[PDB]
Amino acid sequence: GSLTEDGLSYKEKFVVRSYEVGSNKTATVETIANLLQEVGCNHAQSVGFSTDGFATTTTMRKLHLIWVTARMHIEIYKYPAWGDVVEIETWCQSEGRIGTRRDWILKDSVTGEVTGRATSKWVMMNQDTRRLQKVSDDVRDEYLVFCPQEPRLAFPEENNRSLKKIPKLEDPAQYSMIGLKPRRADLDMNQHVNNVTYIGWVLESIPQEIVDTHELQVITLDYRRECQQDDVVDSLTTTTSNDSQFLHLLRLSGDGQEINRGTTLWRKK
Amino acid sequence: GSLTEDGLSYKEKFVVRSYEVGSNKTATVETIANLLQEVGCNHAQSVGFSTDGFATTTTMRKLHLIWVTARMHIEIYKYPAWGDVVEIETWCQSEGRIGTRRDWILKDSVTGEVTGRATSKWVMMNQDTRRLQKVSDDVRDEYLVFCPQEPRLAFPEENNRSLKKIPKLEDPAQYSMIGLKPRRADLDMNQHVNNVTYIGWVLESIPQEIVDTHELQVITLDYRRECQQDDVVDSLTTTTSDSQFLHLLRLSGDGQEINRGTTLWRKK
Ligand SMILES: O=C(O)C1Cc2ccccc2C1
Ligand SMILES: O=C(O)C1Cc2ccccc2C1
């Protein structure tokens, strides 16, 4: 992978692996999400961010601040097959004092055709207190050096799906998967549950018949609170709709504290 | 990746990814195992095996036969760090009518130093009845075309660890992790639990203090029966000693054995 000519975005190619594909012999949405994470991390390393596992700037480390994901939104038009090469371009942009965004575009490397796109929203947090806060001027100035100054959005459309408010699912859920728990492979280098694991947990409560007859087109997921390595999660889903739509909720198995909420949209194969 | 000059082995390089590393910022043993699986599948594709999830020969498809893993044995001397390049060479060899072996050698791509090695034993099974079988003359002849004819072993040492018998752990286990279950990401393209998932389940019952103070040097794992996608597993571990452990995976309800194994760990 490498930064582009203007130094304001980064591109990397990936060959889809045998163990990364599902039933259709195409990459799962969790494989796609892991590739988005990887190209994002390689871009951060290329522009001087930390390699400790939290990717922080110089001012962030002094003030014990970290970035945390607030939302992930992915839209896939075609999933790459085993052995195919996918090229992914990624870039960041500040959004004033609210937080920052990392966007991605996925392409079929052979044809140059766009096969997917994604956007993520990040908020600043004190690493010790876990309290959210606004982005300071000094941090905003560091971002200006590696981000485009004119808006560059993977989702330009008017008041598009990526910014839509997600409601809270009401009991009883139509479907559920209970007692989900992370194993060591689900943790990152800092012993936190990997963001991609929550996508897998959301999808666990989609009935197998839907997975067999449809393809996932869109997933939007809010991150409210972390699942700790000793926590247990219940995954709830209710149909809201030739396209099937679902509302999702992940909550702690005991007291029912919300950890994530989301929506998915699926198209018949 | 590519077949070597003599067409009898295959090599591929991998750049270690951010999400593939553990606390030490080095690749986990499950990441290593996934890379061994990938280079094995790319080698099978390069010599004419099927690309439908079950790497099968022409005479195996006719008779509805598949290969199933009986044992995996991995020894790691150094784990590659995030961003490092590891080169892996793999090859197969028939073992008469018993079954076949796939072996691997892992190297640091920059220095050429061997950083790990692995060996796996495979047995033939009828895909419909699930009944184990001996290797027929016609399949042995097909293997002879892409395998070295003189013995080539990743583990040559006299009566070495890779062939050692593993005993069955007796209750009460010293440690346990119960109620483990596969999610969709743990399944392969044919909806079977991926072989690497069982390694993760074995390791779940190793106390966190050991993982924090030691590095895994050797893991030997027998595969007795598959965990179905709707099954629940208990992972049991007992110290037998460097720290050494005996492992057992069994169904959460009736206690049917699915795997047994051993691990050896060295202090960091
Ligand atoms: O974690 C990251 O680096 C981003 C990529 C990714 C993939 C799945 C969910 C959230 C996010 C945010
Ligand atoms: O499944 C395979 O292809 C082989 C590689 C691998 C990795 C972990 C456990 C078993 C095996 C056998």
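Just so you know, these numbers use all the heavy atoms, side chains as well, and skip hydrogens, waters and symmetry mates. Quick note on labels: first sequence line is chain A, next is B, and so on, each numbered from 1.
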* Structure fact -> If one checks every heavy atom of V196(A) against chain B at 4.5 Å, the contacting part turns out to be neither
* Under the side chain to side chain contact (heavy atoms under 4.5 Å, CB included) criterion, do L216(B) and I76(B) qualify, and how do the steps go? -> CA-CA 7 Å; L216(B) 175 64; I76(B) 302 297; over 6 Å; no
* Asked: If you round to the nearest 0.5 Å, how far is CD1 of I32(B) from CG of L106(B)?
  -> 6.0 Å
Table up the donor-acceptor pairs between chain B and chain A that sit under 3.5 Å, atom names plus distance.
| from | atom 1 | to | atom 2 | distance (Å) |
| --- | --- | --- | --- | --- |
| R17(B) | NH1 | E20(A) | OE2 | 2.9 |
| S18(B) | N | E38(A) | OE1 | 2.8 |
| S18(B) | OG | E38(A) | OE1 | 2.8 |
| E20(B) | OE2 | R17(A) | NH1 | 2.9 |
| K25(B) | NZ | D52(A) | OD1 | 3.4 |
| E30(B) | OE1 | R183(A) | NH1 | 2.8 |
| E38(B) | OE1 | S18(A) | N | 2.8 |
| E38(B) | OE1 | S18(A) | OG | 2.8 |
| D52(B) | OD2 | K25(A) | NZ | 2.7 |
| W82(B) | NE1 | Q45(A) | OE1 | 3.4 |
| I178(B) | O | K181(A) | NZ | 2.8 |
| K181(B) | NZ | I178(A) | O | 2.8 |
| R183(B) | NH1 | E30(A) | OE1 | 2.8 |
| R183(B) | NH2 | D186(A) | OD1 | 2.8 |
| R184(B) | N | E204(A) | OE2 | 3.0 |
| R184(B) | NE | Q208(A) | OE1 | 2.9 |
| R184(B) | NH1 | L203(A) | O | 3.0 |
| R184(B) | NH2 | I206(A) | O | 2.7 |
| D186(B) | OD1 | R183(A) | NH2 | 2.9 |
| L203(B) | O | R184(A) | NH1 | 2.9 |
| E204(B) | OE2 | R184(A) | N | 3.0 |
| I206(B) | O | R184(A) | NH2 | 2.8 |
| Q208(B) | OE1 | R184(A) | NE | 2.9 |

* To do: Would you please test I199(B) and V29(B) for side chain to side chain contact (heavy atoms under 4.5 Å, CB included) and show each step?
  => CA-CA 8 Å; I199(B) 292 179; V29(B) 71; 4.2 Å; yes
* Asked: Yes or no on side chain to side chain contact (heavy atoms under 4.5 Å, CB included) for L180(B) and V232(B), after CA distance, side-chain angles and deciding distance?
  -> CA-CA 6 Å; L180(B) 295 167; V232(B) 177; 6.0 Å; no
* Verdict with supporting geometry, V85(B) and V110(B), side chain to side chain contact (heavy atoms under 4.5 Å, CB included) -> CA-CA 8 Å; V85(B) 181; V110(B) 163; 6.0 Å; no
* To do: Give a yes or no on whether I178(A) atom CD1 has more than 12 heavy-atom contacts from other residues, nucleotides or ligands under 6.0 Å away.
  => yes
